[PDB]
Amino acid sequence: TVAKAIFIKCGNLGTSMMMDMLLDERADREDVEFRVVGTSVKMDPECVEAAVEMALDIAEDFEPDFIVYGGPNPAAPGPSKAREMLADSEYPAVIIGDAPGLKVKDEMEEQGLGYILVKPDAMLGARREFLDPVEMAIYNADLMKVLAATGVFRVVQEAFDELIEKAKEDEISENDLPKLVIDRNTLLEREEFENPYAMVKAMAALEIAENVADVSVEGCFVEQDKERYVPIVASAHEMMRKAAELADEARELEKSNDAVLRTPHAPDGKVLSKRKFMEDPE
């Protein structure tokens, strides 16, 4: 069977940027097929309706087993609009969001939606005096490094791989929808790292990343004096840069013991595994 899903991207989060690609890293999967639609960075109610409508329009022919809405702050006006529309749709739907989604965790279960809220997927320092396209991409670069090297992306990968296998027995029930909150302590229940210091360095990275959001929030929404708010948002970016360096250090430790976890997909979709560099994944 070919399992299918539609991904909807409104606004930008590090996780929503990569979510579809984590499931087919070499485009060699024979068991899945995805369509991806969105309105780029705009996530006002007008644009978000427009984007979900598109997805629902596509869904008529594509017939996906589930839909995913990925974007900042599921509690915001435009994202709230998407949850409602997806709540009302026949389609199982999963919401990927950041820490502010916690305000509506309770609502989302009520609405029968699944969710993955990634606390270290932090808001950047969005002030005109500091944030231009290059700085925005540099931030995302650092953030991607953190969410990848700490193993956060593997948690998301595994959630969706589990969902996809259930879709292959065609019956995704709401009992099957992910309900995950990801943060520093998530690493404590995983077997991601063979070396414990790699693990603690990743935890440190995730803690720093999750602290960034507080700083960005003070600089964009609270501080009104530019002499103070520009330095504040800039410090946020400096923190994320160090978070990335910590995550790289963790990965380098796993390398020093030839113990880097790789979990690639096989053409049939099965998730393989390996630790040693020259061992075949199995």
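The first residue of the shown sequence is 1; numbering continues from there. So that the term is clear: the rigid core is the largest set of C-alpha atoms that superpose within 1.5 Å between two forms.
Stretch comparison, 164 to 172 versus 145 to 153: after rigid core superposition, larger RMS CA deviation in 6 other deposited structures of this protein is found for 164 to 172. Annotation for 194 to 202 versus 96 to 104: the higher mean temperature factor (C-alpha) is found in 96 to 104. Set 133 to 141 against 164 to 172 and average the Cα temperature factors; 164 to 172 ends up higher. Of the residues listed, 238, 218, 49, 254, the entry assigns the biggest Cα temperature factor to 49.
Per the deposited record, the Cα B-factor of residue 208 falls in the lowest third when ranked against the other modelled residues of its chain. Annotation for residue 269: CA B-factor lies in the highest third of the chain's modelled residues.
Ranked by Cα temperature factor within the chain, residue 242 sits in the lowest third according to the deposited record. When all modelled residues of the chain are sorted by CA temperature factor, residue 81 is found within the middle third.
The deposited CA B-factor of residue 146 belongs to the lowest third of values across its chain.
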